[PDB]
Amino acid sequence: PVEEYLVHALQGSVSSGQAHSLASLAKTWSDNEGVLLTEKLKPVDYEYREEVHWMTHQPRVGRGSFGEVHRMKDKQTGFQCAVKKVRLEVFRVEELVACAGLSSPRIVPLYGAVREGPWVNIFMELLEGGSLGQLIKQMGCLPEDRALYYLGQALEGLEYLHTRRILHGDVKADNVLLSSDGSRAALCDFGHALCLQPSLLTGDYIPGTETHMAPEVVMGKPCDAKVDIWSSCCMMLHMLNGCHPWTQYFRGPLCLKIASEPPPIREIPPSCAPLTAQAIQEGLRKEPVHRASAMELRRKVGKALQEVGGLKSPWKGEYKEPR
């Protein structure tokens, strides 16, 4: 009843505020307005404008698949964080409604969001270790113990999202980000995220990474929290091998082979310990009913880590040649 008025008070300004107000406002995003959740990112006379109140680090350098993520600084407070640019015309409301209010050390904190013209500018904590994706390229591929350690932390973030009926939608090394010493990993990018029930190919849908798609996505069957778990194990194989599943063996339209072919358990390295191999296999079952949940696999993975003597390799050790 007052809902309508609260939304209007938020439009046309940028304000210091809370996550519930950011979400409210973001629902209207299908000139300069938004909500900032930390006093470190501070508006100035109802505004927060790129190149006036905040400055991207120079020269411009772009991380992410679309080069859409930048280091920035609030001109008044000196606070540094990261900004992800999303184009307004393709903005998915779930990207801010999902993460808004979330609080978990396995999920990268959201610091605010400001619309300015054809951009939505999403702010978040800046994690200097970079993406797991860029660790893989830099190191070639990762030791079994480190890969387990990171899969498990991804899976912990997923327990937290899945418990609250949120699907991440594009779990992969590029969307896990690492603290500066490498010991903490955290899920980033709610651009493909989704609010769940206990179909998928309809509406505002942006599909995830093809190589990490589960079969129920691909064949258009009913989908659920289990689709993240498949992805997480494709990511595992990527950490271990230095390449995504499927890319080595099939060349044409990949999504056809994910449907018809057996799951890609042949890509498990043979020098992997028994329980590592088995954990990955249960996360890669083709029917969601037989696939492990986040909680089941996280548990399995944590004992898999224990079974190889725990985490012992240095974070940026020596280069392992890929497959």
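Numbers for residues come from their place in the sequence shown, where the first is 1. Superpose the two forms; the largest set of C-alphas matching within 1.5 Å is the rigid core.
- With every structure aligned by its rigid core, 57 to 65 is the stretch of 57 to 65 and 283 to 291 whose CA positions lie farther away in 8 other deposited structures of this protein.
- Of the two segments 145 to 153 and 96 to 104, the one whose CA positions lie farther from the displayed form in 8 other deposited structures of this protein, once all are superposed on the rigid core, is 96 to 104.
- Modelling of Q138 is complete across the other compared entries in which both of its neighbours are modelled; not even a third of them leave it out.
- Not even a third of the other compared entries skip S183; each one keeps it along with the residues on either side.
- Counting the deposited residues that fall between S30 and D31 and carry no coordinates gives a value of 10 or more.
- Deposited sequence between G252 and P253: no residues lack coordinates (chain continuous).
- Averaged over their C-alpha atoms, the temperature factors of 31 to 39 and 265 to 273 are higher for 265 to 273.
- The PDB entry records a higher mean C-alpha B factor for 217 to 225 than for its counterpart among 217 to 225 and 137 to 145.
- For the set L127, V171, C99, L151, the maximum C-alpha B-factor listed in the entry falls on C99.
- Note on the listed residues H53, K286, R298, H70: the highest Cα temperature factor in the record is that of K286.
- Per-chain ranking of the deposited C-alpha B factor places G112 in the lowest third.
- The entry lists a Cα temperature factor for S65 that places it in the lowest third of the chain's modelled residues.
- Annotation for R164: C-alpha temperature factor in the highest third relative to the rest of the modelled chain, per the entry.
- Ranked by Cα temperature factor within the chain, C243 sits in the middle third according to the deposited record.
- In this PDB entry, the Cα temperature factor of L200 sits in the top third of its chain's modelled residues, the highest group.
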